[PDB]
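So the chains spell out like this:
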Amino acid sequence: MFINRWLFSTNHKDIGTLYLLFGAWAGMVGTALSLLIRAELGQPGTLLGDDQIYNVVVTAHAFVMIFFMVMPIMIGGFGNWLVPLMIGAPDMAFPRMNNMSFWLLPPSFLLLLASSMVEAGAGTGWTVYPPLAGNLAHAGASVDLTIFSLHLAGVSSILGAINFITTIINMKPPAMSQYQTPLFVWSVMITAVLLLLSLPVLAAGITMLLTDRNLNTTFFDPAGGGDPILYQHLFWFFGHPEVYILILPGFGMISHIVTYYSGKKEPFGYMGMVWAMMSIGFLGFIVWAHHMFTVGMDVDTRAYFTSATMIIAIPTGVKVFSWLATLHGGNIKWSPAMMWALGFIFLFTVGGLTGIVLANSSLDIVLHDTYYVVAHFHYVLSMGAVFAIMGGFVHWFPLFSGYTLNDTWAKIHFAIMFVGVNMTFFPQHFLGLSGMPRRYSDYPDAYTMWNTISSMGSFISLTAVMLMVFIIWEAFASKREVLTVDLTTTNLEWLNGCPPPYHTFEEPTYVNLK
Amino acid sequence: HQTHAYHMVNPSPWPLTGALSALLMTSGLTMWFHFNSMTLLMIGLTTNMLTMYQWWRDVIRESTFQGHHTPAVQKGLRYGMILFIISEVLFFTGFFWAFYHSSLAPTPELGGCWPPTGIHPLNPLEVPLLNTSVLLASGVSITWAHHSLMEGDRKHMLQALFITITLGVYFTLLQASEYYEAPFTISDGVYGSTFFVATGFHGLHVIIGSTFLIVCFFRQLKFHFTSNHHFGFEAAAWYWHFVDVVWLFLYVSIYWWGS
Amino acid sequence: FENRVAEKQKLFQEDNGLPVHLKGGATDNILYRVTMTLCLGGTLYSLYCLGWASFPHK
Amino acid sequence: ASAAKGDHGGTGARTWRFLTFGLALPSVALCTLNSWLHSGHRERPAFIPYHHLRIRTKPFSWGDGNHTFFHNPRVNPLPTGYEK
Amino acid sequence: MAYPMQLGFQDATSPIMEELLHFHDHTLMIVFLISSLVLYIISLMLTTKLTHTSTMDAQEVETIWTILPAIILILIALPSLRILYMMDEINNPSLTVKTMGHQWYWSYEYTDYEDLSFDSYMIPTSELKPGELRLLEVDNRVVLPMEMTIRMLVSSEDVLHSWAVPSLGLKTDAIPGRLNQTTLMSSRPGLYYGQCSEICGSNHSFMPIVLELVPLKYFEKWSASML
Amino acid sequence: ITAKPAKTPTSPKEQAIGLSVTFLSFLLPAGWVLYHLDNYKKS
Amino acid sequence: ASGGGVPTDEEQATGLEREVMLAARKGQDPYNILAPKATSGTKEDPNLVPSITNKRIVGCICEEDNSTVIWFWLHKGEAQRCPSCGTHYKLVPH
Amino acid sequence: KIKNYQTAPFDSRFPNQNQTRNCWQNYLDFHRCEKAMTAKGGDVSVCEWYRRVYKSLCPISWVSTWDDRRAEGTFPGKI
Amino acid sequence: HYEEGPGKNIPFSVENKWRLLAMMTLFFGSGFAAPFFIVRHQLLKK
Ligand SMILES: CCCCCCCCCCCCCCCCCC(=O)OCC(COC(=O)CCCCCCCCCCCCCCCCC)OC(=O)CCCCCCCCCCCCCCCCC
Ligand code: HEA
Ligand code: HEA
Ligand SMILES: CCCCCC/C=C\CCCCCCCCCC(=O)O[C@H](COC(=O)CCCCCCCCCCCCCCC)COP(=O)(O)OC[C@@H](O)CO
Ligand SMILES: CCCCCCCCCCO[C@@H]1O[C@H](CO)[C@@H](O[C@H]2O[C@H](CO)[C@@H](O)[C@H](O)[C@H]2O)[C@H](O)[C@H]1O
Ligand SMILES: CCCCCCCCCCO[C@@H]1O[C@H](CO)[C@@H](O[C@H]2O[C@H](CO)[C@@H](O)[C@H](O)[C@H]2O)[C@H](O)[C@H]1O
Ligand SMILES: C[C@H](CCC(=O)O)[C@H]1CC[C@H]2[C@@H]3[C@H](O)C[C@@H]4C[C@H](O)CC[C@]4(C)[C@H]3C[C@H](O)[C@]12C
Ligand SMILES: C[C@H](CCC(=O)O)[C@H]1CC[C@H]2[C@@H]3[C@H](O)C[C@@H]4C[C@H](O)CC[C@]4(C)[C@H]3C[C@H](O)[C@]12C
Ligand SMILES: C[C@H](CCC(=O)O)[C@H]1CC[C@H]2[C@@H]3[C@H](O)C[C@@H]4C[C@H](O)CC[C@]4(C)[C@H]3C[C@H](O)[C@]12C
Ligand SMILES: C[C@H](CCC(=O)O)[C@H]1CC[C@H]2[C@@H]3[C@H](O)C[C@@H]4C[C@H](O)CC[C@]4(C)[C@H]3C[C@H](O)[C@]12C
Ligand code: CUA
Ligand SMILES: [O-][O-]
Ligand SMILES: [Cu+2]
Ligand SMILES: [Mg+2]
Ligand code: NA
Ligand code: NA
Ligand SMILES: [Zn+2]
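Reading the values: the criteria
- Residues numbered from 1 in each chain as written, not as in the entry; some residues may be left out.
- Chains lettered and ligands numbered in written order.
- Part of a larger assembly, values for the part shown.
- Heavy atoms only, no water.
- Residues with missing side-chain atoms left out of burial classes, pairs and counts.
- Contact = heavy atoms within 4.5 Å.
- Helix = DSSP H or I, 4+ residues; strand = E, 2+ residues; numbered from the N terminus.
- Nonpolar A, V, L, I, M, F, W, Y, C, P; charged D, E, K, R; others polar.
- Donors = N, O, S within 2.8 Å, 3.2 Å for Na, K, Ca; no water.
- Tetrahedral: all angles 85-135°; square planar, octahedral: opposite > 155°, others 65-115°.
- Near = heavy atom within 4 Å.
- Polar contact = N/O pair within 3.5 Å; in protein donor to acceptor, adjacent residues only side chain to side chain.
- Pairing = 2+ DSSP bridges.
- Disulfide = S-S within 2.5 Å.
- Buried < 20%, exposed > 50% of the residue type's maximum accessible area, 1.4 Å probe, protein only.
- Core = buried A, V, L, I, M, F, W, Y, C linked by side-chain atoms within 4.5 Å.
- Patch = residues over 30% accessible without salt bridge, like charges linked within 9 Å, V, L, I, M, F, W, Y side chains within 5 Å.
- Areas by Shrake-Rupley, 256 points an atom, 1.4 Å probe, with all protein chains shown as cover.
- Salt bridge = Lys/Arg side-chain N within 4 Å of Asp/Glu carboxyl O.
- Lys, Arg positive; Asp, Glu negative; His and termini not counted.
- Charge placed at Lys NZ, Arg CZ, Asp CG, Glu CD.
- Axes fitted to C-alpha atoms, helices over the stretch in contact; angles between N-to-C directions.

As documented in the archive entry, the model was determined using X-ray crystallography at 1.840 Å resolution.

Brief notes about the interface of chain A and chain E
Across the boundary between the two partners, chain A contributes 86 residues, which contact 77 residues of chain E. Secondary structure elements with two or more residues in the side of chain A that touches chain E: helix 3 (51-86), helix 8 (228-261), helix 10 (299-311), helix 11 (313-327), helix 12 (336-359), helix 13 (361-367), helix 15 (407-433) and helix 16 (448-478) of chain A. For the side of chain A that touches chain E, a count of residues per class yields 46 nonpolar, 28 polar and twelve charged.

A short note on the coordination of the iron atom of ligand 2
Residue and element names in this part refer to chain A. Counting protein donors around the iron atom of ligand 2 gives one, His-376 (NE2), at 2.1 Å. Viewed at the metal, the six donor atoms of the iron atom of ligand 2 are separated by angles of 79 to 177°, and the geometry they form is octahedral. Taken as a pair, the iron atom of ligand 2 and the copper ion (ligand 13) show a spacing of 4.8 Å. Mapped onto the fold, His-376 is located in helix 14 (residues 371-401).

Description of the site of ligand 3
Residue and element names in this part refer to chain A. Close contacts around ligand 3 come from 34 residues, with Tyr-54, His-61, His-378, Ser-382 and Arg-439 the closest. Interatomic distance of 2.7 Å between a side-chain N/O atom of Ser-382 and an oxygen atom of ligand 3. Counting residues per element, the ones that place at least two in the shell around ligand 3 are helix 2 (12-41), helix 3, helix 14, helix 15 and helix 16. Of the residues contributing to the shell around ligand 3, the split by class is 21 nonpolar, ten polar and three charged.

Remarks on the sheet that holds strand 1 (residues 47-51) of chain G
All names here are of chain G. Taken together, the three strands give an open sheet; going across it, the order is 1-5-4, and neighbouring strands pair in mixed fashion. The sheet is open, and its two borders are formed by strand 1 and strand 4 (80-81), each paired with just one other strand. Where strand 1 meets strand 5 (residues 88-93), five bridges bridge the pair, whose relative direction is parallel. Counterpart to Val-49 in the pairing with strand 5 is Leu-91.

Considering the state of the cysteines
All names here are of chain H. Applying the stated criterion across every chain yields a total of two disulfides over all chains. Disulfide pairing places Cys-23 opposite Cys-58 at an S-S distance of 2.1 Å. Between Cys-23 and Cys-58 the disulfide shows an S-S torsion of about 115°. By sign, it is right-handed. Placement of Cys-23 in helix 1 (residues 20-40) and of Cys-58 in the loop between helix 2 (48-57) and helix 3 (60-72) is noted, with a sequence separation of 35 residues between them. Residues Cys-23 and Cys-58 agree in their burial class; the two are buried. A sulfur-sulfur separation of 2.0 Å characterises the disulfide bridge that pairs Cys-33 with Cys-47. Disulfide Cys-33 to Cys-47: torsion about the S-S bond roughly -80°, handedness left-handed. On the criterion of sequence distance, the pair formed by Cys-33 in helix 1 and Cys-47 in the loop between helix 1 and helix 2 is long-range, its members being 14 residues apart. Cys-47 shares its class with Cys-33; the two are buried.

Re the coordination of the magnesium ion (ligand 14)
Donor atoms from the polypeptide that coordinate the magnesium ion (ligand 14) comprise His-368 of chain A (NE2), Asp-369 of chain A (OD) and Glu-198 of chain E (OE), at 2.1 Å from the metal. Here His-368 of chain A is found in the loop between helix 13 and helix 14, whereas its partner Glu-198 of chain E is found in the loop between strand 9 (190-194) and strand 10 (209-214) on a different chain. Residue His-368 of chain A shares its accessibility class with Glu-198 of chain E, and that shared class is buried.

Let's talk about the nonpolar core
Residues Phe-67, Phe-78, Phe-109, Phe-344 and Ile-345 of chain A are the most contacted members of the largest nonpolar core, which totals 333 residues. The biggest single contributor to this core is helix 3 of chain A, with 23 residues. Once you skip the residues sitting within four places of it in the chain, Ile-345 of chain A turns out to touch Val-258, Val-320, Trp-323 and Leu-324 of chain A together with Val-38 and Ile-42 of chain E. If you look at the next biggest cluster of nonpolar residues, it comprises 34 residues, including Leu-144, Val-159, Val-165 and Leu-184 of chain E.

Overview of a positive patch on the surface
A cluster of basic residues, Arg-21, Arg-32, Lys-35 and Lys-78 of chain H, forms a positive patch at the surface. Of note, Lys-35 of chain H is situated in helix 1.

Looking at the sheet that holds strand 10 of chain E
Residue and element names in this part refer to chain E. Taken together, three strands build an open sheet; the order of strands is 4-10-9 and the sheet is mixed. Edge positions in the open sheet fall to strand 4 (142-145) and strand 9, since each of these has one partner strand only. The sheet shows a mean angle of 25° between the axes of neighbouring strands, direction not considered. The sheet contact formed by strand 9 and strand 10 spans five bridges and is antiparallel.

With respect to the environment of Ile-142 of chain B
Residue and element names in this part refer to chain B. Relative to the helices and strands, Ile-142 resides in helix 4 (residues 127-150). Distance in space between the C-alpha atoms of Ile-142 and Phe-233 is 9.7 Å, their sequence separation being 91 residues. Contacts of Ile-142, omitting those with residues within four sequence positions, involve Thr-164, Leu-213, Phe-233, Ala-237, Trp-240 and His-241.

Below, the structure is given as structure tokens:
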């Protein structure tokens, strides 16, 4: 029975649980890697070794945090648990294919771990640009293991995308149109469309890199008439949609959390929220070369990419102001999940605004490949995507498990993490403006003070991560079982109790048309 | 007991064996490229084929033999197949982007021209044109097969499907001979790289699509399809039209325009 | 060929509690055991190969 | 375009079989003829060791490492030229 | 170069860098204003026991918070693109200098007249002369004439690098097989530092750039002595 | 939310044990590696 | 040569597919493929909600085009009202 | 006709950041001019402008590689 | 069927909180420890 249930699953909730456990374990790996980065940089000089060991750590840090922590948790974890319940469906469309999306991920992670154990690892950056990642400057198996890791993660997400799109289009109650589905469901659908379109282009590009490394092709090798910059276009054609993939399910969870702890039955401006997520998804495909403003691109192309990138602020601002308008007039419950979501609104906005600074290609000449970029994306990832993950985890843990957290401990955890991430990353704006490059294991002496503060901040976040583990332990150890949950009339996923039975909606909901 | 029309699937080992086959194929390719050994790769390829066989076997058991494919389930599979084909289109789009990037801006190493100095392209009016007529013809014959099936005509369904498959095989054999006869190779710079990787992935999909048509052929021989319910045939025909259209883009772009 | 779908329908709808991947009979169990043995043994072998490749070999 | 043909009323198997045998397979037969007329080897050109061709950044994982997968001795020179 | 506890950009050495500073000041003011407004409104929404939980009509207010951000973006884009095209304008250089990236050092070529070229490596920390800067000095600096328009051409002979001098507002990727152009004009004599700005392997952190800007006559005599 | 009292209450002393064990499980192995870094590098 | 030999659904559909096909022919919807059409929803004319057990979840789209659906369990017994719009629903178990 | 050459002037054929083709074209032009002159008897001095421009713009290693391949018979451009 | 309810819809036991503490310790601790030991591994090669 144990093997049947947990290795042979065809159940959306158990598979969601598998993803949450996998993503939590990956989050520990990614945290350890982040602490090694900041230990190397926490005082001037060399701690670990030269830039190769340092940038194997940096590279693995990014792949682990993105592919094995955020996407499995948001899409595989919250998506599998919540989407079928939020539309009253009895499972996913392809419940057995769903299980393969999960089980491709431990092999993908093993391949990444293998990459770092063989030879001198893949010290390439998570962008894996040639020729540094090619077979002369990264001879041996490490980069190929990284490519294959991405291949498996990519198949996992593409099949998952097919599953979510099909489920959300085809398995709603017959009276429920797409404009009666909750915003988290919308956010997962749009994320899945971005995954479906973008990951095959990544797969093409990394396969070309694999054949340049092993079959003597020369897609990216000028000696054969290839071009390293072609790789960058294919990568970033995926890589910008990817950061919208990383935030969109977060936007969906934030809409639900803000609505719920404002005591509201609905988010402010529902159709504007749908419009904004679709607009962000669409604009996210036509801006990728803002990752390439220093490669030698014509001025008119730089002007286009500057302008197209900045436009995304308009739908994103509608979402931020709609969240604030959802709070407006609420009976505010100062739950730990609400604290995560309020921190999200503010800190995501800061990171979005530094992204708008970077969209200006003239300023980006000086800011590109410096810690100003690192500061931008850690405000939207460590204080955006992750704050939404923590908010959703604390909010829905009693649904998934049937047990409550200790809310005081969870508020303590939020407070520590909030101090930690801001101490880590706010000084990195100063380091970027003043010229500290990315992917450096050591820095000119002038940069010492902010690197020291930044590293101290990273240790505060470590303490928060350790406390999180204790808090989950304490909840399972004490076994306080949920009784009543308010606002079930507008939060269908709670209406089958905590935890819901293995099979829910065996009898579908009744929704009439009028 | 349920009162919706969707399919609760029995707990299944094939997702796990499929995922492990992916691990064995990729670690196997690594072992082959770097440690001079085909062992892991052959195991992975074997378990991959076993996984695909038993998984799609079970889908046939669930539908033809157990009746789980209600109209709602079939509609989901239709969306599933369309989305899968869309993802495959985007995969090929990356190789067409590589082709146009390199050929529209030929670098000095090439002679600054396309085709590169020293490259002698195949004549697009010889076997490439023949291959084009073959896949186009097979798109006509698979449409005849589809109409015969909907009209309840077992013999002409089988005849037309057999002709479609024969043409798929003909294309593959012609392409194999053209690969052997080609005076340029995959190592002949970006010309050979784009040519063989793009037409190579295309050829793999022709083989996949041909195999799928052959599966439909034997299920038809065993009377699995009704005149109204035959999604496996529809999916194989959509995939086959996708293979035909990718070929027409390759022909116009790489063989003709790029010659 | 004659149409024997009806007898397959009877076989795969028999009320015997078997999951669909084993419901054809003893050949299903054999093919399953072969598949899973190759997958698990191959996975162990891939781990051995990682162990080997993680160290220099002169 | 209406192409140049023209036969509906309620589409069907009979029309698509008509197209298969009356247009599609005859076109394949014509192209098969055209191709068999123009086959026959072409003179292999002088070998020139161009550096953008016969790329070898890593030995191939088969054979002696130096032969492409569908190596044809008649028309595919090695980096050092045509084989004996 | 950067100085300890620096918060903002290095002082401008070129007119284009001065334009960037003023444009950054303009944009940062807008960033601060919007960030603070959002923080303030959050606090406003959270500090009253008054409630209103029935359905709220969205149509009117969404005009405001679409139109106002569109106007703000235009107020950023206009000076942004002006600097972009001004950056791009024809200027007619007096001198062309190439730099080739390598693992892990830069080489320079001044071949308008004679065949002058040399390598430029970081000074190891153990060999710094007293008062020299760790990780920033090089053995052979890029001597250049001040107050003159210079064409820099940037490439690489191995992996990607990127040739950067923050106080001149310069960063141009070094790509093998490609020859990227940028222009450089220093308003002042002096020493202007930068660092390799594309990850390039084991010593990425340790292949810096040092420009030495002097009067033309000094540059000419230096050039002749480097042959 | 409302909830039942804990079925198996975790006293302050029990929480102190769970917290201390949790923190040591993260800190001790990494501390051992970092403490011995010189030993690894000088090898 | 227009011949036959392809089974029809009537001949060969089985299991749940066949149940759905046979019920649709009778104009019945035991597997909930169609949206039910609302009554006036008064206490006199409540929406009749079929169930194979003694409670079923109702979602109430109170007004046309509302994006918010109001969800609640409907139990066997006296008609209940949507908590937002008051329209009446009554369970009909079978 | 008369020098005072300082560096290669702006060339409207090559107005963008990537100057690879500017270097390549002036290299080709110089050697094409050279070949034409040396044959019909005349003076390579008429080719001098292209020589100065490609020398200004082209990385030494590119020139060196191209020269080696011309000597080898493997230069892929047309001269 | 399968077990339903709190503590039963998970692949790990929560019947004893101290056994659970050990299991969670091994689980999260092994993830956090792995990069330090991979770094050590790479340092002890070259
Ligand atoms: C926004 C994230 C939350 C805050 C996180 C930590 C909070 C720390 C304060 C931080 C509280 C916000 C104040 C920020 C400006 C402080 C530094 C400055 O004078 O910046 C100057 C510029 C460059 O300017 C110059 O070239 C002139 C230099 C003038 C020197 C004068 C001497 C100053 C004394 C030294 C100051 C030490 C800095 C402290 C170092 C701080 C270490 C942590 O640098 C920069 O652009 C940095 C670019 C940052 C872009 C992100 C903007 C986010 C704004 C959010 C604020 C909302 C409401 C505030 C209220 C926010 C309260 C939450
Ligand atoms: C969650 C992930 C995430 C998100 C959501 C974003 C969102 C944005 N990013 Fe970010 N970005 C990254 C993750 C993300 N980014 C990563 C990982 C990198 C680096 C990759 C690498 O090199 O490794 C990066 C790099 C990156 C660059 C390249 C910089 C360089 O390398 O030199 C740029 C440049 O334009 C950019 C811009 C933006 C913009 C304009 C947005 C916008 O979507 C933000 C829009 C939001 C707002 C503007 C705030 C809310 C709005 C209002 C309150 C309305 C009013 C506001 C105005 C009127 C301005 N990003
Ligand atoms: C989701 C993405 C993500 C996240 C969360 C983080 C988190 C952190 N990152 Fe990361 N980082 C990247 C993505 C991310 N990073 C990327 C893409 C790069 C560029 C790589 C490259 O240059 O190639 C990068 C680069 C980068 C650098 C630059 C290295 C360089 O240029 O040399 C630094 C340095 O300080 C850094 C530090 C940190 C720190 C201290 C954290 C800390 O905030 C981490 C703190 C801990 C957490 C945030 C908790 C994590 C765990 C969970 C959330 C699981 C929760 C469990 C349950 C819910 C059950 N990162
Ligand atoms: C470097 C080399 C790397 C190699 C990596 C290989 C990785 C994976 C190993 C793959 C093993 C595949 C085994 C067969 C999987 C068949 C899946 C399938 O057919 O899934 C179907 C759904 O997907 C659908 O239709 C439509 C979708 C069909 C997808 C078929 C499988 C595709 C796998 C590769 C996808 C790559 C996409 C690439 C685009 C770049 C059915 O879904 P189930 O939930 O099963 O059933 C539901 C029941 O109601 C059926 O009666
Ligand atoms: C899941 C992650 C997996 C990552 C995969 C990385 C690639 C793994 C392939 C490596 O396989 C090893 O290759 C060696 C070299 O071919 C073999 O030794 C062979 O060659 C040795 C060196 O000559 C000799 O000592 C031995 O006789 C002989 O067994 C060894 O047995 C084999 O296992
Ligand atoms: C970034 C994540 C890590 C953050 C910081 C970790 C905080 C460190 C926690 C303590 O770790 C222990 O520290 C001891 C020293 O205090 C080490 O003992 C070492 O030193 C002792 C004292 O000299 C000797 O008695 C021991 O034998 C010798 O192993 C011991 O191995 C190590 O487990
Ligand atoms: C970046 C990409 C080239 C990718 C490649 O080198 O492979 C090119 C191809 C087509 C280009 C676009 C088209 O030329 C149309 C537009 C032309 C404008 O002058 C700039 C924006 C503009 C929208 C271009 C931006 C960018 O240069 C594009 C998208
Ligand atoms: C055996 C079967 C008769 C129909 C039935 O079983 O009732 C017949 C009808 C259609 C026949 C097939 C089709 O006519 C197409 C093919 C024609 C080739 O000449 C022989 C194989 C070929 C594949 C035939 C084999 C076999 O004779 C088939 C399959
Ligand atoms: C069901 C189970 C799979 C367990 C798994 O999923 O972990 C069993 C059933 C038959 C077993 C296989 C073989 O029939 C027997 C092999 C020898 C031993 O008895 C066990 C390993 C052995 C190689 C088995 C692997 C695996 O444990 C199998 C496949
Ligand atoms: C028409 C459509 C859906 C309305 C509905 O059927 O409920 C609504 C939903 C979101 C609306 C958009 C968003 O509110 C954002 C913009 C707001 C501006 O006031 C008008 C244009 C604007 C772009 C709106 C146009 C239009 O009214 C949209 C697109
Ligand atoms: Cu050179 Cu980084
Ligand atoms: O990517 O921003
Ligand atoms: Cu981007
Ligand atoms: Mg860069
Ligand atoms: Na350091
Ligand atoms: Na059909
Ligand atoms: Zn109502």
